[PDB]
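Cβ: placed from backbone, ideal geometry, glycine included. Neighbour counts: every protein chain shown. What is reported rests on the model, the rules as stated and the sources as named; none is laboratory data.
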Amino acid sequence: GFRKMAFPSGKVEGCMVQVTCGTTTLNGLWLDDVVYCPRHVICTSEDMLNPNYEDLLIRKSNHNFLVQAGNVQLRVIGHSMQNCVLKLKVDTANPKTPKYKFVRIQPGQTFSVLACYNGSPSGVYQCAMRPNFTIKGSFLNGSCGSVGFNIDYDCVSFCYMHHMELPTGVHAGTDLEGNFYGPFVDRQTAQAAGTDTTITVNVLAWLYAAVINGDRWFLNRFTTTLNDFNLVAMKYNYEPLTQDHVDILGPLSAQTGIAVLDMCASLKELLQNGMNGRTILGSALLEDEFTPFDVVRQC
Amino acid sequence: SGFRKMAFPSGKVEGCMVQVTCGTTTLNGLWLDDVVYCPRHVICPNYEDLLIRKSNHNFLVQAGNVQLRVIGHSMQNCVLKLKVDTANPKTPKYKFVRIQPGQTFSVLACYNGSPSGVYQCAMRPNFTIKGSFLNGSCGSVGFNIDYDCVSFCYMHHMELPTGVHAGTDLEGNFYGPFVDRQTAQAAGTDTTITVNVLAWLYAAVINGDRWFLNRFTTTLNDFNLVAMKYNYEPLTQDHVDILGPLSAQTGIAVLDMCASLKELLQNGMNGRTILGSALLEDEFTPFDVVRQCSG
Ligand SMILES: Cn1cc(-c2cc(-c3cc(Cl)c(F)c(OCc4ccccc4Cl)c3)c(=O)n(-c3cccnc3)c2)c(=O)[nH]c1=O
């Protein structure tokens, strides 16, 4: 069938530690001899509205950072800040370090989240970067420093580190170079996410998946132009579909024989009619958290 | 805040997955101490005489890029136990358990000894699971983690025509009325897991999705007569007491929430969603909702 699978979390579990600074404890990512964690681990609650992190970090000494992997304590021998991520240099390389790289992902892209509390992982789930650069995750207090990743062969690509929960209940974070996804800042001042839209190219990939698994009830005889489609789909809060999106789908189009702009016409009709009580691949809603790359891997 | 289908972290189980090959067939095996566990249909039907002709060296056992010499074999129900020359140094604290319909577990899907994805499943009332499997997945395993102890509960044996999957516990007993043979087999008519739907409505409330709540209450009998009408599972008194912790953390008594559910069963949702779903979700247990939404 088609289930939203996460990646096996084992390679990431071996990297999670807890980082303590004063009364603050959150999770860090231990790779080689560096521990990475959100820089607000150094913050007090009075500084939260307008923290001066450079001013706060220059006042800290290595021995102020208690880093703990399992039962073991790690000695911090250096520290530096990169954008919104703090990098704590430690005196012993992590022997469980996998092959890895850091990558900045784009809206529509999917990844797995290892939700951790006190450096101990508690669950893993699949997630997508929304077009408004938030993620609809599942995070409790203490989850800061949890990370999102993909696994390709044996290479863990780290793409997200969790920093905060916005007022609307969605989550905001940075890449592993500390740059936020979206217009957010690690400050407790008012900030709001742009209106969230549906990831059109992902919905289409999911329909192609439905056709591959046997389900054709939503297909119609029509075709459309790219500009006719975008004019209709914008009215439903769908992301504009670009010629690049059209190119990304070509393999699935070839595999099923339905041209991309035919499938677009079926999606136009589905938006107009709703499900009429039916389901596609076990869902009564249009699914937008499977990329074209995903569909092919599990189909 | 937020609510997701969440699996247990699979690291403790990844360290136990291996490929087993008998002739042409290659499927995944579970390596604990000095034994590899896998479905007995990898020997291919009569298995008593079929296994008595296979020698230890009929079974190629690859643990990653290393070879395990099979030095013994044994069968327990539908599961093959291959004794190997050396114990798995990554063996977690573990036990074998059998789960009940309605209970959930995580699944580590493998392909040629290679674990490739993890997802959270529920044992259906008809004893099947709606999993995502492609060829090579057999012997992929289901488990729960509690503390540091892995409870293994599921080993996958076969796909079914409906797209659902059938398998055994780690002692080789099937879940449901299925046999590991090429015979044509059909899943029984499924039913919805009522206590899970209710735990999920509780998760929706905890997340601020409150629209489906109403002033009323009901009775188990009046409610249960509407469950049978909608192909829902009988709600029992044990179910109510199990939903107790959430009943307090929110102020919604369980038969109050049942009035909400009866009223959603009757009239559906007015083009509305609950926790981003257009359907009533029944794959989260009361325990699942607690471990995720409070601590
Ligand atoms: C000390 N401390 C702090 C945290 C921690 C900090 C935060 C957090 C971090 C930063 Cl930089 C903030 F600007 C922030 O104000 C949010 C806000 C309030 C009002 C208006 C707008 C905004 Cl944006 C919050 C957090 O959001 N969470 C969290 C909670 C629930 C789910 N996910 C994340 C947790 C922690 O986990 N451990 C630990 O010891």
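Please go through the range B:37-55 and pick out each residue that is under 26 Å from the mean Cα position of the chain (by Cα) and basic (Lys, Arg).
Matches in the range B:37-55: B:40 only.
Does at least one position in the range B:233-241 carry a residue that is touching a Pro at 6+ places or on another chain (Cβ under 7 Å), closer than 20 Å to residue B:216 by Cα and away from chain A (no Cβ under 14 Å)? Spell out how you get there, then give the answer.
Looking only at the range B:233-241, we keep the residues that are touching a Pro at 6+ places or on another chain (Cβ under 7 Å), and these are B:233.
Remaining after also requiring closer than 20 Å to residue B:216 by Cα: none.
Within the range B:233-241 (the criterion being touching a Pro at 6+ places or on another chain (Cβ under 7 Å), closer than 20 Å to residue B:216 by Cα and away from chain A (no Cβ under 14 Å)), the answer is no, since none of the residues qualifies.
Can you pull out every residue in the range A:170-208 that is surrounded by fewer than 15 Cβ atoms within 10 Å (Cβ to Cβ) and within 10 Å of the ligand (Cβ to nearest atom)?
A:185, A:189, A:190, A:191, A:192
May I ask you to verify whether residue A:218 is away from the ligand (no atom under 16 Å from the Cβ), in the same structural domain as residue A:292 (by CATH) and over 20 Å from residue A:290 (Cα atoms)? Walk me through how you get there before you give the answer.
Values: away from the ligand (no atom under 16 Å from the Cβ): yes; in the same structural domain as residue A:292 (by CATH): yes; over 20 Å from residue A:290 (Cα atoms): no.
Judged against the criteria, residue A:218 is not a match.
Going by the structure shown, is residue A:47 away from every other protein chain (no Cβ under 14 Å), acidic (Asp, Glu) and more than 14 Å from the ligand (Cβ to nearest atom)?
Numbers: away from every other protein chain (no Cβ under 14 Å): yes; acidic (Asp, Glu): yes; more than 14 Å from the ligand (Cβ to nearest atom): no.
Spelling it out, it is not the case that residue A:47 is away from every other protein chain (no Cβ under 14 Å), acidic (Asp, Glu) and more than 14 Å from the ligand (Cβ to nearest atom).
So which residues in the range A:152-162 are within 16 Å of the ligand (Cβ to nearest atom) and either more than 12 Å from the chain's Cα centre (by Cα) or farther than 20 Å from residue A:17 by Cα (or both)?
Within the range A:152-162, the subset within 16 Å of the ligand (Cβ to nearest atom) is A:160-162.
Correct list: empty.
Residues in the range A:100-109: is at least one among the polar types (S, T, N, Q) and away from every other protein chain (no Cβ under 14 Å)?
Yes, because at least one residue in the range A:100-109 is among the polar types (S, T, N, Q) and away from every other protein chain (no Cβ under 14 Å).
Does any residue of the range B:174-193 turn out to be within 21 Å of residue B:13 (Cβ to Cβ) and among the aliphatic types (A, V, I, L, M)?
Let us first name the residues in the range B:174-193 that are within 21 Å of residue B:13 (Cβ to Cβ), namely B:175.
Imposing the further condition that a residue be among the aliphatic types (A, V, I, L, M) reduces the set to none.
Checked the range B:174-193: no residue is within 21 Å of residue B:13 (Cβ to Cβ) and among the aliphatic types (A, V, I, L, M).
Would you confirm whether or not the range A:223-233 contains a residue that is out of contact with any helix residue (DSSP H, G or I) (no Cβ under 7 Å at 6 or more places or on another chain), away from the ligand (no atom under 14 Å from the Cβ) and closer than 23 Å to residue A:12 by Cα?
Checked the range A:223-233: no residue is out of contact with any helix residue (DSSP H, G or I) (no Cβ under 7 Å at 6 or more places or on another chain), away from the ligand (no atom under 14 Å from the Cβ) and closer than 23 Å to residue A:12 by Cα.
Considering each residue of the range B:12-21, count those that are at the interface with chain A (Cβ under 7 Å from one of its Cβ atoms) and surrounded by 24 or more Cβ atoms within 10 Å (Cβ to Cβ), and give that number.
The qualifying residues number 0.
Please go through the range B:205-239 and pick out each residue that is among the aliphatic types (A, V, I, L, M) and closer than 16 Å to residue B:253 by Cβ. Write out each step before concluding.
Taking the range B:205-239 and keeping what is among the aliphatic types (A, V, I, L, M), we get B:205-206, B:213, B:220, B:225-228, B:235.
If the condition is that a residue be among the aliphatic types (A, V, I, L, M) and closer than 16 Å to residue B:253 by Cβ, then B:205, B:206, B:213, B:220, B:235 are the ones that fit.
So in the range A:137-151, with the set limited to residues that are over 24 Å from residue A:53 (Cβ atoms) and away from chain B (no Cβ under 11 Å), which one is farthest from the ligand (Cβ to nearest atom)?
A:150
Pairs please, first residue from the range B:218-234 and at positive phi, second anywhere and surrounded by fewer than 11 Cβ atoms within 10 Å (Cβ to Cβ), Cβ atoms under 9 Å, 6+ apart in sequence or on different chains.
Matching pairs, first to second residue: B:231/B:189.
Of everything in the range A:167-221 that's among the hydroxyl-bearing types (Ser, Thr, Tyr) and over 21 Å from residue B:276 (Cα atoms), which residue is farthest from the other protein chains (Cβ to nearest Cβ)? First the steps, then the outcome.
As a first pass, look at the range A:167-221 and keep what is among the hydroxyl-bearing types (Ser, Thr, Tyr): A:168, A:174, A:181, A:189, A:195, A:197-198, A:200, A:208.
Imposing the further condition that a residue be over 21 Å from residue B:276 (Cα atoms) reduces the set to A:174, A:181, A:189, A:208.
Details: A:174: 18, A:181: 16, A:189: 20, A:208: 16 Å.
Restricting to residues being among the hydroxyl-bearing types (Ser, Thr, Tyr) and over 21 Å from residue B:276 (Cα atoms), the top hit is A:189.
So which residues in the range A:243-299 are in a loop (DSSP other than H, G, I, E, B) and among the aliphatic types (A, V, I, L, M), if there are any at all?
Our first condition is that a residue be in a loop (DSSP other than H, G, I, E, B); within the range A:243-299, this holds for A:257-259, A:274-279, A:281-282, A:284-291, A:299.
Once the filter is applied, which keeps residues that are in a loop (DSSP other than H, G, I, E, B) and among the aliphatic types (A, V, I, L, M), the range A:243-299 yields A:258, A:259, A:275, A:281, A:284, A:285, A:286.
What are the residues in the range B:186-212 that are touching a strand residue (DSSP E or B) at 6+ places or on another chain (Cβ under 6 Å) and closer than 25 Å to residue B:165 by Cα, if any? Explain how you work it out, then say what you get.
Taking the range B:186-212 as the starting set, the residues that turn out to be touching a strand residue (DSSP E or B) at 6+ places or on another chain (Cβ under 6 Å) are B:192, B:194, B:204, B:209.
The answer is B:192, B:194.
With the requirement that a residue be under 16 Å from residue A:163 (Cα atoms), within 9 Å of the ligand (Cβ to nearest atom) and more than 14 Å from every other protein chain (Cβ to nearest Cβ), what does the range A:22-43 give you? Working first, answer last.
Step one: list which residues in the range A:22-43 are under 16 Å from residue A:163 (Cα atoms), which gives A:24-29, A:35-43.
Within this subset, residues satisfying the condition of being within 9 Å of the ligand (Cβ to nearest atom) are A:24-27, A:38-41, A:43.
The answer is A:24, A:25, A:26, A:38, A:39, A:40, A:41, A:43.
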